[PDB]
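The next block is structure.txt, given as compact mmCIF, C-alpha atoms.
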```txt
# COMPACT_ATOMS: atom_id res chain seq x y z
CA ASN A 2451 97.81 366.95 145.78
CA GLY A 2452 95.52 369.99 145.72
CA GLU A 2453 92.71 367.98 144.17
CA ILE A 2454 93.36 365.18 146.67
CA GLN A 2455 92.91 367.42 149.72
CA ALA A 2456 90.44 369.88 148.15
CA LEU A 2457 87.86 367.11 147.76
CA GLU A 2458 89.05 365.48 151.03
CA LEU A 2459 88.81 362.15 149.25
CA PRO A 2460 89.85 359.90 152.19
CA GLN A 2461 87.42 361.66 154.52
CA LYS A 2462 84.68 361.58 151.88
CA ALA A 2463 85.24 357.84 151.45
CA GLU A 2464 85.16 357.16 155.19
CA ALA A 2465 82.06 359.28 155.80
CA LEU A 2466 80.19 357.74 152.87
CA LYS A 2467 81.20 354.25 154.00
CA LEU A 2468 79.83 354.85 157.50
CA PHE A 2469 76.66 356.46 156.12
CA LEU A 2470 76.12 353.45 153.85
CA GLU A 2471 76.76 351.08 156.76
CA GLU A 2472 74.12 352.82 158.87
CA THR A 2473 71.59 352.97 156.03
CA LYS A 2474 72.16 349.32 155.11
CA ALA A 2475 71.74 348.19 158.71
CA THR A 2476 68.53 350.20 159.15
CA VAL A 2477 67.02 349.05 155.85
CA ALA A 2478 67.95 345.41 156.49
CA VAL A 2479 66.33 345.51 159.93
CA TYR A 2480 63.20 347.19 158.55
CA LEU A 2481 62.80 344.89 155.54
CA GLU A 2482 62.46 341.68 157.55
CA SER A 2483 59.66 343.18 159.63
CA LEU A 2484 58.02 344.71 156.55
CA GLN A 2485 57.09 341.33 155.07
CA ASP A 2486 53.41 340.38 155.35
CA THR A 2487 51.07 337.51 154.53
CA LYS A 2488 49.17 337.03 151.26
CA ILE A 2489 45.82 335.86 152.67
CA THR A 2490 44.05 338.96 151.38
CA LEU A 2491 45.16 337.85 147.91
CA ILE A 2492 43.21 334.61 148.28
CA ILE A 2493 40.24 336.47 149.77
CA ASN A 2494 40.08 338.88 146.82
CA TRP A 2495 40.58 336.01 144.37
CA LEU A 2496 37.61 334.17 145.89
CA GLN A 2497 35.51 337.34 145.85
CA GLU A 2498 36.24 337.93 142.16
```
Produce structure tokens that represent the structure in this file.
Amino acid sequence: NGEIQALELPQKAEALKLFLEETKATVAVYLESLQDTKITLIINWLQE
């Protein structure tokens, strides 16, 4: 019991779960906008 409450395992789990939820939401939103076109690839290929 002392190790259960000393590490506040339920609270640790809940806090980490919410932190992961927030981080996942933010990263998922950012990633879709991050994508870009590959035209510069063709331009550089033609130049070379």
Let me know the centre plus edge lengths, in Å and rounded to one decimal, of a box with edges along x, y and z that contains all listed atoms of region 2480-2492 of chain A and is padded by 4 Å on every side, as lines of an AutoDock Vina configuration file.
```
center_x = 53.2
center_y = 340.9
center_z = 153.8
size_x = 28.0
size_y = 20.6
size_z = 19.7
```
- Item | Å distance separating CA of residue 2452 (chain A) from CA of residue 2470 (chain A), one decimal place | 26.8 Å
- For CA of residue 2469 (chain A) and CA of residue 2451 (chain A), quote the distance in Å rounded to one decimal.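 These atoms are spaced 25.8 Å apart.
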- Task: Record the distance separating CA of residue 2489 (chain A) and CA of residue 2477 (chain A), expressed in Å with one decimal.
- Result: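 The value is 25.2 Å.
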